[PDB]
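Structure first, then comments.
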Amino acid sequence: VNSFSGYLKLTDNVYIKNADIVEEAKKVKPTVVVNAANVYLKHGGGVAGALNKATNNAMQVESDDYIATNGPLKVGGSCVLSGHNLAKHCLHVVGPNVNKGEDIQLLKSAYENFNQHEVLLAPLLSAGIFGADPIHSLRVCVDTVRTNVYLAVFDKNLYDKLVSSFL
Ligand SMILES: O=C(O)C[C@H](NC(=O)c1cc(F)cc2[nH]cnc12)c1ccc(Br)cc1
């Protein structure tokens, strides 16, 4: 039993809700919140900008120190950093950004990072400003992640769609 409330169950291990991931993280304090990161950990907009803003820019400060020490992530890669006031940990995962021409097949590699964590609160990788089809992203998520994933979808319209077209 865990503290996630109000999710529709899609599979044995994938759950989905219409929620603002920032507000959901602040209320659940999950062990792991996933950020839709880029390789530079520059959290300017989308989910990343919103999560970072909710940390009063502490996520960005920590991220800049990480990059200065380690260099950029790989597309499809991840790193674990602090969750600040939102979660114990933040798993920064780099999905491919279609608006940069990155190979969508890297989306499966990106979701594989979730399997290193028993339970996660997560956005749909490569959705939103990353330009991928959120329905394809949901399919890859379901077919790749084996751990328990609670997907928050900010847009109510999108959500209702994802549910009605799910197989
Ligand atoms: O709806 C989703 O969950 C996926 C994606 N979300 C974002 O891009 C997004 C951006 C942001 F700045 C803050 C956020 N907090 C939660 N998600 C976001 C999206 C896709 C299509 C459309 Br139309 C609208 C949104």
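Every number for a ligand or one of its atoms is a count from 1 in the order of the listing. Atoms considered below: every heavy atom in the structure, side chains included; atoms not considered: hydrogens, waters and symmetry mates. Each residue takes its place number in the sequence, starting with 1.
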Are side-chain N/O atoms of [X] and [Y] paired as donor and acceptor at under 3.5 Å?
{"X": "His89", "Y": "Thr31", "value": "no"}
{"X": "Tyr111", "Y": "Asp143", "value": "no"}
{"X": "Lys17", "Y": "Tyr7", "value": "no"}
{"X": "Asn97", "Y": "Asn38", "value": "no"}

Item to check | Contact check, side chains of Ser5 and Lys27, non-hydrogen atoms, under 4.5 Å | outcome: yes
Please give the N or O to N or O pairs under 3.5 Å between ligand 1 and the protein, distances rounded to 0.1 Å.
| from | atom 1 | to | atom 2 | distance (Å) |
| --- | --- | --- | --- | --- |
| ligand 1 | 1 (O) | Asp155 | N | 3.4 |
| ligand 1 | 3 (O) | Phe154 | N | 3.0 |

Checklist entry - Do the side chain of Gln60 and the main chain of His43 share a donor and acceptor less than 3.5 angstrom apart? => result yes
